Amino acid sequence: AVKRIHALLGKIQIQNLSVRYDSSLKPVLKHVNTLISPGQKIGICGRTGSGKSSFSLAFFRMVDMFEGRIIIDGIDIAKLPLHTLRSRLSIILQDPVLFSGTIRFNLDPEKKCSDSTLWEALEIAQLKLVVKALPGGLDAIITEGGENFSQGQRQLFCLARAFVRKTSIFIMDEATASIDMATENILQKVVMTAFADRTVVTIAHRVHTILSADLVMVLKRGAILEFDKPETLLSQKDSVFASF
């Protein structure tokens with residue numbers, strides 16, 4: 001047992017980014033090039049996971065590039081101390097894992113956040129009414145890691161956590177299921193307000209969501225093959241757009 005314990009372990013442009021975790025089977029990204037303007041909402045569509053997830057992983061700094069560079073808000077994260085840099089960027093995805101704590105504590109993934117800022121963030125992400133109308137308000141324990149909230153209500157919580165973190169750039173994993181009509185519509189409205197003046201990177205798999213994206217990134221074999229931004233996927237002539 002002691003031996004087992006001892007067993008230890010807003011302007012964006014991509015220029016020629018190469019990465020591989022294995023370095024043997026295949027490069028994860030090969031000569032990737034794309035540019036995201038400040039305030040654009042950008043969807044990445046294309047491959048299953050050979051381009052979208054490796055690009056996102058580089059955005060999340062899960063790996064450094066082998067070649068090229070990745071800039072966030074105009075600054076390369078590769079030329080910054082990684083621990084401060086990557087920690088200073090907030091991403092909120094469609095499906096959120098929440099901690100088994102107070103609403104206030106759930107609204108502290110940024111432990112120095114004030115209660116006023118947390119409640120304000122819940123107002124922005126339209127939860128403050130239900131937050132105040134939660135049984136303990138901000139002190140309501142989200143027992144079972146958030147199971148008294150819906151998936152949508154958890155998504156709202158994640159949105160408030162993003163708003164409180166006041167990110168300059170967003171990275172979004174597209175939902176694999178639907179939510180509601182009022183909730184997907186709200187989520188999209190929140191996305192539209194969030195992406196105003198801010199960078200939104202949507203890792204899209206279905207073309208269903210990204211038909212009203214501000215920008216579309218078309219991926220092929222781990223590379224961006226096309227990049228039509230002004231919502232012209234049909235004009236883009238891409239196969240996922242043609243099937244949509």
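Please read every residue number as a count from 1 along the shown chain.
Structure method, as recorded: electron microscopy, 3.6 Å.
Here the Cβ of each residue, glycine as well, is placed from N, Cα and C on the backbone.
What Swiss-Prot records for this protein:
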- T48, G49, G51, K52, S53, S54: ADP binding site (BINDING)
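Location within the structure of each feature annotated in Swiss-Prot.
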residue	record	Cβ contacts under 8 Å, 6 or more apart
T48	ADP binding site	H205
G49	ADP binding site	none
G51	ADP binding site	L29, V32, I44, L219, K220, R221, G222, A223, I224
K52	ADP binding site	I44, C45, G46, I203, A204, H205, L219
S53	ADP binding site	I203
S54	ADP binding site	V19, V28, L29, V63, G222
Could you name the residues, excluding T48, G49, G51, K52, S53, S54, of the same chain that surround the ADP site, i.e. Cβ within 8 Å of the Cβ centre of those residues, in sequence order?
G46, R47, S50, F55, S56, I203, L219, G222
